[PDB]
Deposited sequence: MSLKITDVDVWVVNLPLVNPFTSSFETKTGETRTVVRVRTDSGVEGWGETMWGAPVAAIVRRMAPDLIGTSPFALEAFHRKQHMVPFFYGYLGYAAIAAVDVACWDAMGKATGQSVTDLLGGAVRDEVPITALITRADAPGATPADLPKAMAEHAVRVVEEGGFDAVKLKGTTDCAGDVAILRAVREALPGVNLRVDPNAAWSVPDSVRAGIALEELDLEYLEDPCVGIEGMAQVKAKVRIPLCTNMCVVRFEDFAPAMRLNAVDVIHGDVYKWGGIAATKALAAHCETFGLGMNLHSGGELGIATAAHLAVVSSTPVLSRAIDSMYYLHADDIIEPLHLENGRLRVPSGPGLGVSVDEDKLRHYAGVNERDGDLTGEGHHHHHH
């Protein structure tokens, strides 16, 4: 039968360090077989509250009954939005971990098997990296920092956090590109630019051959307008964040690349599904990072490892991790190695978990 006996939730605070704090919700699914599954998702109090309100509904169910579980909680995201999907995702991941353990198989092998064993990641640079720089000096300052990060980290891709200062972002990107001719370069204004400014800036950025322009403006409508004029692949993890957004986005030709994210889409199967959708519509795909630590990153690595279309250097703030409730993942020369053991391939230190829950 394999039934779930307990669902426990902890909210923890872990330190972060830039080699060049954060709050997360952790969930444990216990089964009458002795097998335990772990999951980690974003934020604390509010997400932890949603999971506990769903816990009673999981007692007595099989961790293998994910389809039944998701259908049962389909209205949760309707009311709780992003946090709803994130709460669901934590439970989703814990069940997959439990499934791998119950079958003695890696989550990767339960998702189709590995097609790649190493997962390249991206280096994020923000203006906060050049505190002293003045407007006229900021570009050179960022380029120098970019070069340092790339050589010290071995990153295949670099991503700039854009601001409402379009002209300034463009100035920075030009400097970075001139200093790093062969790196995959991206910019993410987080929908801070207006459509008219996105077109003007986009046109100016075409000569830099960026891997993609990420969320320059808000909405499917605005994004479609940018795509119609700017000759740069357009990416998003803001205007298409659920399947209900997919069909409309495709009919309006709003994007060229979509960012997957288990914690944003509610689970592993949904993300594998999204990968299928992207291939069908000739869209590129990558994964977005919302501060995942070891457990969460492990789930993502299993997805990337078993998914052909995820051939790009993913976004990952995992290189900022210090102490974690599990053993450090293998991050070397800009790439993360996909864990090998049963389930997610990670072991959780409960003492530390209890410790960091007290910090929170």
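- What the model leaves out of the deposited chain are the segments 1, 22 to 29, 370 to 385.
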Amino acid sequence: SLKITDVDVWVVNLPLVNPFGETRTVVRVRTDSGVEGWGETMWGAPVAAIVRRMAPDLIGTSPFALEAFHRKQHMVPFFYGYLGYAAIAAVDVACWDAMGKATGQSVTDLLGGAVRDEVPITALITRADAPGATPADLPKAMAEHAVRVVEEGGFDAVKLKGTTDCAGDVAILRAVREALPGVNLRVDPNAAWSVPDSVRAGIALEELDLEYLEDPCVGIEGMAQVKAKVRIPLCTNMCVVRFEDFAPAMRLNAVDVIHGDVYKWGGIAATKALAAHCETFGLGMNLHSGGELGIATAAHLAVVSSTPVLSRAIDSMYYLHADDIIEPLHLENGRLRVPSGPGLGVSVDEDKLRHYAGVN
From here on, numbers count along this sequence of modelled residues.
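- The question of which stretch, 101 to 109 or 81 to 89, has the higher mean Cα B factor is settled in favour of 101 to 109.
- Taking the PDB entry as given, 120 to 128 carries the higher mean Cα B factor of the two stretches 200 to 208 and 120 to 128.
- If you compare the C-alpha temperature factors of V309, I314, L301, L58 in the entry, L58 comes out highest.
- When the modelled residues of the chain are ordered by C-alpha B-factor, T134 sits in the highest third.
- Annotation for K272: C-alpha temperature factor in the lowest third relative to the rest of the modelled chain, per the entry.
- In this PDB entry, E178 carries a Cα temperature factor that places it within the highest third of its chain's modelled residues.
- In the deposited entry, the Cα temperature factor of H288 places it in the middle third of its chain's modelled residues.
- Ranked by Cα temperature factor within the chain, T164 sits in the highest third according to the deposited record.
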